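Step one of this worksheet: look at the structure below.
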Amino acid sequence: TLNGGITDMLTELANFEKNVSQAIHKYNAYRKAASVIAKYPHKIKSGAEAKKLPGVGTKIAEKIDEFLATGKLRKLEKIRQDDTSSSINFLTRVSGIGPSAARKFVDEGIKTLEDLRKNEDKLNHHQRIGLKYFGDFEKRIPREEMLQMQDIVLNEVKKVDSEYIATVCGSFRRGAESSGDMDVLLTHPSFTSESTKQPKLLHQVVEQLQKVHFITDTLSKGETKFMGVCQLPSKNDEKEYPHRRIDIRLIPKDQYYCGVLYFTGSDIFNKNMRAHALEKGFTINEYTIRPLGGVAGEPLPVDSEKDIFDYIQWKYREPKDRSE
DNA sequence: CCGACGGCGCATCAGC
DNA sequence: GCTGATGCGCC
DNA sequence: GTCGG
Ligand SMILES: [Mg+2]
Ligand SMILES: [Mg+2]
């Protein structure tokens with residue numbers, strides 16, 4: 001990419017503030033700056049040029065002048081040398097280990113992959129599975145594999161009840177050639193904003209995917225959200241596919257468009273769009289868009305994703321243009 | 001200068 | 001047991 | 001860390 005050196009720098013700074021400093025707004029600031037620079041169509045010549053972009057301020061502009069001048073950032077060079085910071089940053093790469101547990105493990109002298117493996121009894125269930133599939137979960141999923149996965153999920157959901165609709169969202173719906181995981185939006189006519197006319201709607205689908213050995217592990221599960229592990233079947237004699245993260249979100253059928261807007265993302269696109277909604281006097285979640293009175297009002301009618309954009313005076317952006 | 005920064009599901013825990 | 005925080009995760 | 005007012 002045109003400015004990949006800079007955007008990598010800012011992402012590494014972002015991860016430092018989140019994982020080590022526990023400063024979530026600096027993390028968001030860095031990631032917003034990284035995103036706006038990533039889609040800037042010119043090779044950046046100076047911090048001043050970057051500062052013209054929204055989300056890039058004086059401090060990042062200075063860092064960008066240092067990086068352009070030398071190819072590196074002393075502040076990051078120092079961080080890479082700090083053992084506590086390096087340890088904490090590594091541990092947070094395990095699913096279920098966040099900034100707080102990472103610092104706690106380091107305190108207890110648990111700071112390497114070998115440390116984790118011989119202390120599995122100190123991990124909660126999520127963390128145990130995150131450690132189990134540590135290597136697999138850092139691999140990306142080719143779109144060709146995502147298509148196979150889509151076919152299995154949609155056909156197995158159909159077998160449970162022909163009235164389910166499963167939509168693959170996330171980066172896959174944005175047209176990405178590789179994804180970090182699979183995100184599945186699920187609806188059923190029995191589950192609306194007005195009534196839940198049938199229990200276990202999510203459970204039945206999860207069970208069926210487990211029965212056919214597609215879902216292999218559960219990280220968490222409730223009435224509307226499943227987070228777990230899945231795996232494509234492999235053919236005779238060939239190596240197994242890596243295990244993959246799968247999220248399933250059951251959304252009220254009448255709120256499909258808000259739900260598919262949310263689950264298509266990107267995460268940064270959602271933060272940008274919801275912030276713009278607020279500036280326009282609305283609030284958007286995965287169910288509704290409501291006016292601000294500063295208390296939310298009643299949900300506004302929505303019959304398309306585009307209706308949501310219209311409310312906040314944004315021209316419509318197809319999924320493939322939401323990769324911020 | 002300084003308040004706000006998107007919004008929410010599930011797991012875990014503390015206090016009652 | 002319930003309620004409310006907090007941690008971690010999803011986009 | 002950046003922005004808006
Ligand atoms: Mg995804
Ligand atoms: Mg996901």
Side-chain angles (χ1 to χ4, degrees), chain A residues 10 13-14 16-19 21-37 50-64 75 91-105 123-130 137 167-174 176 179-185 202 218-228 245-251 255 258-280 282-290 292 294 296 312 319 322-324:
Chain A
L10 298 170
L13 284 166
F16 172 78
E17 299 302 346
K18 187 196 187 169
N19 297 336
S21 302
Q22 299 183 86
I24 195 56
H25 295 112
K26 291 187 174 195
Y27 161 79
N28 293 319
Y30 279 120
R31 293 226 306 160
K32 177 175 187 165
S35 170
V36 74
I37 284 168
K51 196 179 172 311
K52 290 180 162 297
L53 304 179
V56 178
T58 300
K59 304 288 286 299
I60 286 171
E62 295 182 51
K63 289 175 164 63
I64 288 177
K75 177 191 174 76
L91 289 169
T92 58
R93 291 166 62 194
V94 184
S95 190
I97 305 186
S100 180
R103 202 170 268 283
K104 198 179 179 253
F105 286 133
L123 307 183
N124 68 31
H125 178 73
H126 186 149
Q127 293 164 342
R128 212 166 149 139
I129 305 308
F137 288 173
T167 312
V168 182
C169 300
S171 65
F172 175 85
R173 193 171 178 258
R174 302 199 310 272
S179 297
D181 72 356
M182 180 177 199
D183 306 296
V184 185
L185 189 68
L202 178 52
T218 297
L219 303 164
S220 69
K221 184 170 172 296
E223 313 274 21
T224 62
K225 186 163 131 305
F226 176 85
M227 297 168 55
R245 281 272 294 106
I246 182 166
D247 300 311
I248 303 174
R249 183 66 188 274
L250 170 67
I251 288 295
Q255 298 176 326
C258 284
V260 74
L261 177 64
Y262 152 74
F263 226 20
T264 296
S266 72
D267 58 346
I268 298 179
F269 168 83
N270 286 348
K271 288 175 83 285
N272 287 348
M273 189 177 180
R274 288 173 188 202
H276 181 77
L278 288 178
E279 294 169 359
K280 287 294 180 169
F282 306 82
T283 177
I284 301 170
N285 60 21
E286 65 263 62
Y287 310 118
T288 63
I289 179 174
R290 308 170 180 243
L292 286 173
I312 73 182
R322 305 182 198 159
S323 287
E324 319 203 319

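Within every chain, numbering begins at 1; the chains are lettered A, B, ... in the order of the sequence lines, protein sequences first and strands thereafter. What you see below is based on every heavy atom in this structure, not just the backbone, and it leaves out hydrogens, waters and symmetry mates.
Here CZ of A:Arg173 is found 9.0 Å from CG of A:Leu185. Values are rounded to the nearest 0.5 Å. Atoms CE and OG, from A:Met273 and A:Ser266 in turn, are 12.0 Å apart once rounded to the nearest 0.5 Å. Atom CD1 of A:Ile129 and atom OG1 of A:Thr218 lie 8.5 Å apart (nearest 0.5 Å). Interatomic distance, A:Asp183 CG to A:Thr167 OG1, rounded to the nearest 0.5 Å: 12.0 Å. Rounding to the nearest 0.5 Å gives a distance of 10.0 Å between CZ of A:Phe105 and OG of A:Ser100.
Using a 4.0 Å heavy-atom distance criterion, A:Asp183 is classed as a sugar-phosphate-only contact. Using a 4.0 Å heavy-atom cutoff across all strands shown, A:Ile284 reaches sugar-phosphate atoms only and no base atom. A:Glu17 comes within 4.0 angstrom of no nucleic acid atom, judged by non-hydrogen atoms across all strands. At a threshold of 4.0 angstrom between heavy atoms, the contacts of A:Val94 are confined to the sugar-phosphate backbone, with no base atom among them. Using a 4.0 Å heavy-atom criterion, one finds that A:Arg174 contacts the sugar-phosphate atoms exclusively. Within 4.0 Å (heavy atoms only), A:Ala23 reaches no atom of the nucleic acid at all. Nucleic acid contact class of A:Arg173 (heavy atoms, under 4.0 Å, all strands): none. Here A:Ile97 lies in heavy-atom contact (under 4.0 Å) with sugar-phosphate atoms only.
Shown for residues 52-64 of chain A: residues whose heavy atoms fall under 4.0 angstrom of DNA chain D, namely A:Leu53, A:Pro54, A:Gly55, A:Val56, A:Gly57, A:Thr58, A:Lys59, A:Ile60.
In this structure, A:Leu292 and A:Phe282 have side chains that are not in contact, with every pair of non-hydrogen atoms separated by 4.5 Å or more. The side-chain heavy atoms of A:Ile97 and A:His126, taken from C-beta on, include no pair separated by under 4.5 Å.
Here the P atom of nucleotide B:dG6 and the CD atom of A:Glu279 are 10 Å apart, to the nearest Å. The separation between A:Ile248 atom CD1 and C:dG9 atom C1' is 16 Å, rounded to whole Å. Whole-Å rounding puts the A:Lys221 NZ to C:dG9 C1' distance at 17 Å. The interatomic distance linking A:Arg103 (CZ) with C:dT6 (P) rounds to 18 Å, in whole Å. Rounded to whole angstrom, the span from the CD1 atom of A:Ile251 across to the P atom of B:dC8 amounts to 11 Å. The CG-P distance, from A:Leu202 to B:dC10, rounds to 8 Å in whole Å. A straight line from CG of A:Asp247 to P of B:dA11 spans 13 Å, rounded to a whole angstrom. Rounded to a whole Å, the CD atom of A:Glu324 is 14 Å from the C1' atom of B:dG6.
In terms of the salt bridge (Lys or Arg N to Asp or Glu O under 4.0 Å) criterion, A:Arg274 has no residue partners (sequence neighbours excluded). In this structure A:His276 satisfies the ring pair (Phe, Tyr, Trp, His ring centres under 6.0 Å) test together with A:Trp314, sequence neighbours excluded. Residues satisfying the salt bridge (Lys or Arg N to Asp or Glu O under 4.0 Å) test with A:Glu17, not counting sequence neighbours, are none.
Using the sign of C1'-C2'-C3'-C4' as the criterion, B:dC16 is classed as a south pucker.
With hydrogens and angles disregarded, no donor-acceptor distance shorter than 3.5 Å links the side chain of A:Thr224 to the backbone of A:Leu250. In this structure a side-chain-to-backbone donor-acceptor pair under 3.5 Å is missing from A:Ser179 to A:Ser171.
Here A:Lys225 is a minor-groove residue, having a side-chain heavy atom within less than 5.0 Å of a minor-groove base atom and none near the other groove.
Nucleotides of DNA chain D lying under 4.0 Å from heavy atoms of chain A occupy a range whose first and last members, 5' to 3', are D:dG1 to D:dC3.
Nearest to the side chain of A:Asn285, among B:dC10, B:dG9, B:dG7, sits B:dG7. Candidate nucleotides C:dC11, C:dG9, B:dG9 were compared by shortest atom distance to the side chain of A:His126, and C:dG9 ranks first. Nearest to the side-chain atoms of A:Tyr287 among the listed nucleotides C:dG9, C:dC10, B:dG9 stands B:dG9.
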Give me, pair by pair, the N or O atoms of the protein and of nucleotides 3-5 of chain B that are less than 3.5 Å apart, along with how far apart they are.
none

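Separating the P atom of B:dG6 from that of D:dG5 is a span of 16 Å, rounded to the nearest Å.
With hydrogens and angles ignored, no donor-acceptor pair closer than 3.5 Å exists between the side chain of A:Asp267 and the base of C:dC11. Scanning atom types as modelled, no donor and acceptor separated by under 3.5 angstrom connect the side chain of A:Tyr262 and the base of B:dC8.
Ionic pairing of A:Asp267 and A:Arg31 is present here: one or more N-O contacts between side-chain nitrogen and carboxylate oxygen are shorter than 4.0 angstrom. The pair A:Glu324-A:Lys32 does not meet the salt-bridge criterion, since no charged nitrogen lies less than 4.0 angstrom from a carboxylate oxygen.
Look at A:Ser220 and you won't find any side-chain N or O under 4.0 angstrom from OP1 or OP2 of C:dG9.
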